[PDB]
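**Q** sequence unavailable; structure follows:
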């Protein structure tokens, strides 16, 4: 890696010259460099622990031990970054001296004093200095970022390894949870990282302050000292204010997150919601919640207003009160223009320190908190790194207090089938997990030679977020026949058909979390597939289904078939393999009788069984409102148009002081002129604050109404998370941190134009050099927008699977400890951790390369503006604007490009306008061939199917073919359709929610074509086969409607046997329906929906195929509700198990992908005959 290029990043050239042609992948990203490989960085830091193992006063480690480690860990390279930061800031001060030396020499008409003569000389010295000044600051930024990158994994590995020695009794799910270590990755690493991003500056920024003060003092003196203290002492007002901003952010998330959870609630069961036709109330609850969310973001704006304001006003507010003190209150010194310009030059320089200092103080304190949160975590209880026998042990599920099981001996040699049974809890999975060694074995011995002289599945499912076949893999090689000898041997093929892509589907997170009869079944699959010797399966009949338990007996018969002298030692509860078992159970509350033979046992007990241009107009010009957007224009214009003009006065009035109406009268004019922008800047801060507040209020209102009427076929076709990705991230983008980018950029780019416009007006042949120059400025930017985008979205796709690895590492901790797969997963830890760090490198690479290449360009401006500006002799005050803006180009094009880059990312959120607005269909009501129709009630259950020819999506295949059917009042049609072509296709279709390609549907006599679907589909009962539990209040779960009752609400739900089962409600008839059906049953969950079906008062309850019913007695109570509570209408008995066809009134077995036969009466035909089959 070559050194002057290691200065200015020349290796990035061919990278980005690559990047204009091809898009960029992780393959286009590289290997890690030798030191940047994370395990090396981990390696040195463990040595730093061993170094302070020599100290060992109280070595938990602890925080005092940590920072003594970390300083001697990374500090040498940190010193090098600090040294460049110092020397650069020192030459940061030298430029102002150069300005002073020019104008002082140019008020006029070998020795070093003579060598200090010429503005030729001093300007060239200025240029050649300001190369280094504008270079070593981008060394010192760089190396410090290439320090925190080397922090990241070298912390994260220590974290992850302590997870590899973590113990799990109550602490692992109590005080600290998966989230509580997850944010500890997600925050406290970055708290450390941004600390070491800023760690030089806390050493150094006050030295920049004090030497800025002293090099102001040798310009004015006591007027310097009285002027400086505003800008010095007023920066911790930012430390006051941003504290309130953090307080507002705490107010933000605490009010946003539950709302977003309720948005996910409204979105997940959106099909049932529009099936309930309940978009209005469900959206209205989020709408009035949003009113308070806006009221919180109101203060978020009021906080973020003055941050900008005091960041911008206090420069001028210092500079004027500095000068009026030098003019009025003191009046001693003559005021040269050289003074007056370079005074402002330092004033421009010193702020870019000063309003980072609060963020420094914040981050330093936050990280010093976070190291304690790291430490007091990190010194918690380890997991005691130290045939299947147990020789008389004393095990404890607890840590070293009260034991759980003593005197426990067991033995399981090879070639053996053994379960363990008893009472749950005491062996919920307990004694098997005690065999794992995941308990405080206070005494006794145990033998596998597993550690020193292994498969498992947990009683809770801990799957992985991957492909389903990859979840079946669980760090395995491939054998697709053996996989067919597993997956088909598990019979997950129906669940694989329920998956959209089967073996290539999306298991874990972002997928339908099915039952353990799928999920834990897939775990038992990866268990059996694992090609291990000994297995420990856990009570899978509790997770299985009934016929799945029959297949689980068959899977046990495939297990022992697959047990080619294996040692699978399961445990269960049922009496199924109580006949078929090699050895026996032992659990009463501890060691029950042994595994040998139930002959001499108590078996009687067991025998009981480019850019985005128009999108900104879609942001603003469609939604801003014109008058405030015009104020956003004009206030931005007229602020800077008087700001640089205040500097234009600030030269020439002192040029008259260099000469000699009244200049003291000129000064108070200038004073109030400086006060004018000080007045304006408040309205400038209030503009974008109020603007983005109004923008996001209507934008979120619009997207709410946009999704509020969309058809359900879309939502089945839409991946629901891709919608909520527009609601979670993009909304918070548009609210919390969209417009500050704009307010920065509108402050930025005008000043970028403006300083050029000044130096143009100074020298009329400036622009002749600018025109080749700004070419280069543009073409570097034009390449740059490609790269910084592709890095930034790369970043976005990178640390997310990194912490996803953590979450699975938390949850499936036990099972990887069982497989002893830490070596695999520490490797695959790195395999992400690397790709984070190398992406972060190339991000922070072009983060440097851009501005340093643009910075030399800015320096070229300086010299050219100087050399042109020599001819003002051939006036002299008007030089001083040139010099003061020549040096002030840099922070401008620093931000003026980078923010324009990040605006493109900020626009990528509001790209989802088209995902919202353009996607719009399905006017629900409003067709309405009558305006007057009280047959939304109907007392006549004679529906009709007037040769209705429906298509599914009007895309691939029809559902019917001219079905000229009808219905009779009381004719409860037992629905019998195709096993894979027409099952659900006649209920939501009967709610007109599909592409009925021909044929009408007469309802209460009249066709349902032009009728209010909001009125029709809400006054029609349908108890579908999805668990519909709207979280909230109990009356809100029961009756969130207009004519809500409590007597009838307590009547039919007692007829549903829920208002008497939950008669001990916490709030009674207005109780809280907490968690959306996590405390109530799975059966009364639907019985409350049956009471809602009573509440519609048109009880033609179109039920669905309730294939997941736990109690068949509860389904018989539902049959009693079909008997007693269904008031003799056309119950469309959709049945995946045709057992419920036993109560047929007038069925229509319309099947084989078609309309087979009207099944009434006595139709025990080839489906009802094969209903037993």
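**A** The structure has been received and is ready for your questions. Residues are numbered from 1 along each chain as shown.

**Q** when you work out contacts or count neighbours from here on, use the C-alpha atoms and nothing else.
**A** OK.

**Q** domain parsing for the protein?
**A** 3-376+617-916, 388-606, 944-1149 (automatic domain parsing).

**Q** quick one: the shortest one to chain centroid distance?
**A** In this view, domain 944-1149 has its centroid 37 Å away from the chain centroid, taken as C-alpha atoms, centre = their mean, to the nearest Å.

**Q** again with stretch 747-755
**A** 35 Å.

**Q** just to revisit the earlier point, let's have the domains of the chain in CSV, adding distance to residue 938 and mean neighbour count.
**A** What follows is the domains of the chain, written out as CSV (distance: least, C-alpha to C-alpha, whole Å; neighbours: other C-alpha atoms under 10 Å):
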stretch, distance to residue 938, mean neighbour count
domain 3-376+617-916, 17, 18
domain 388-606, 37, 18
domain 944-1149, 6, 18
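
**Q** dump these to a markdown table, plus distance to residue 937.
**A** Below are the domains of the chain laid out as a markdown table (distance: least, C-alpha to C-alpha, whole Å):
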| stretch | distance to residue 937 |
| --- | --- |
| domain 3-376+617-916 | 15 |
| domain 388-606 | 37 |
| domain 944-1149 | 6 |
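
**Q** tell me which of the ones you listed sits nearest to residue 382.
**A** domain 3-376+617-916 (5.2 Å; C-alpha to C-alpha).

**Q** I'd say residue 1074 and residue 1029 touch.
**A** No. Residue 1074 is beyond contact range of residue 1029, at 9.6 Å (criterion: C-alpha atoms under 8 Å).

**Q** so which of the domains of the chain gets nearest residue 926?
**A** Among the domains of the chain, domain 944-1149 sits nearest to residue 926 (C-alpha to C-alpha), with 6.0 Å.

**Q** next structured bit after the helix or strand containing residue 605?
**A** Secondary structure from DSSP states H and E places residue 605 in helix 603-606. Later in the chain than helix 603-606, the nearest helix or strand by DSSP H and E is helix 613-619.

**Q** which other helices and strands does that following helix contact?
**A** helix 889-910 (3 or more C-alpha pairs under 8 Å, 6 or more residues apart in numbering; DSSP states H and E).

**Q** and the helix it packs on, what does it pack against?
**A** With 3+ C-alpha pairs under 8 Å, 6+ apart as the test, helix 889-910 has helix 613-619, helix 720-732, helix 739-762, helix 767-796, helix 822-868 packed against it.

**Q** now that helix against helix 767-796, angle please.
**A** 40 degrees (axes from the mean of the first three to the mean of the last three C-alpha atoms, to 10 degrees).

**Q** which element follows helix 889-910 toward the C-terminus?
**A** helix 912-916.

**Q** just checking, what packs against that following helix?
**A** Helix 912-916 packs on helix 663-708, going by 3+ C-alpha pairs under 8 Å, 6+ apart.

**Q** got the angle for the helix it packs on vs helix 720-732?
**A** Using the same axes, to 10 degrees: helix 663-708 against helix 720-732 is 160 degrees.

**Q** strands of the chain, start to end?
**A** Counting by DSSP state E, the chain has strands at residues 388-395, 405-412, 445-447, 944-951, 963-966, 974-976, 995-1000, 1002-1003, 1006-1007, 1032-1033, 1072-1073, 1133-1134, 1148-1149.

**Q** nearest residue to the middle of this protein?
**A** residue 729 (6.8 Å; C-alpha atoms, centre = their mean).

**Q** list the residues that contact it.
**A** residue 909 (C-alpha atoms under 8 Å, 6 or more residues apart in numbering).

**Q** swap in residue 710?
**A** Counting by C-alpha under 8 Å, 6+ apart, residue 710 has contacts 919-922.

**Q** you'd agree residue 841 is up against residue 148?
**A** No. The pair residue 841 / residue 148 is not scored as a contact, 10.3 Å apart, by C-alpha under 8 Å.

**Q** angles on the backbone of residue 589, please.
**A** phi -140, psi 10 (degrees, to the nearest 10).

**Q** excluding its backbone neighbours, what's nearest residue 74?
**A** Excluding the flanking residues, the one nearest residue 74 by C-alpha to C-alpha, 6 or more residues apart in numbering is residue 147, at 7.5 Å.

**Q** how close does that neighbour sit to residue 196?
**A** 7 Å (C-alpha to C-alpha, to the nearest Å).

**Q** please apply the same query to residue 74.
**A** Residue 74 is 10 Å from residue 196, by C-alpha to C-alpha.

**Q** between those two, what contacts are shared?
**A** Common neighbours of residue 74 and residue 196 (C-alpha under 8 Å, 6+ apart) are residue 147.

**Q** would you quantify the distance from the residue nearest to the centre of the chain to residue 921?
**A** 25 Å.

**Q** try residue 884
**A** 58 Å.

**Q** go on, residue 398?
**A** Taking C-alpha to C-alpha, one finds residue 398 at 59 Å from residue 921.

**Q** ok, now residue 966?
**A** In terms of C-alpha to C-alpha, residue 966 sits 30 Å off from residue 921.

**Q** can you check residue 571 too?
**A** For residue 571, the distance to residue 921 - C-alpha to C-alpha - is 54 Å.

**Q** now residue 227
**A** Counting by C-alpha to C-alpha, the gap from residue 227 to residue 921 is 64 Å.

**Q** now do residue 507
**A** Taking C-alpha to C-alpha, one finds residue 507 at 32 Å from residue 921.
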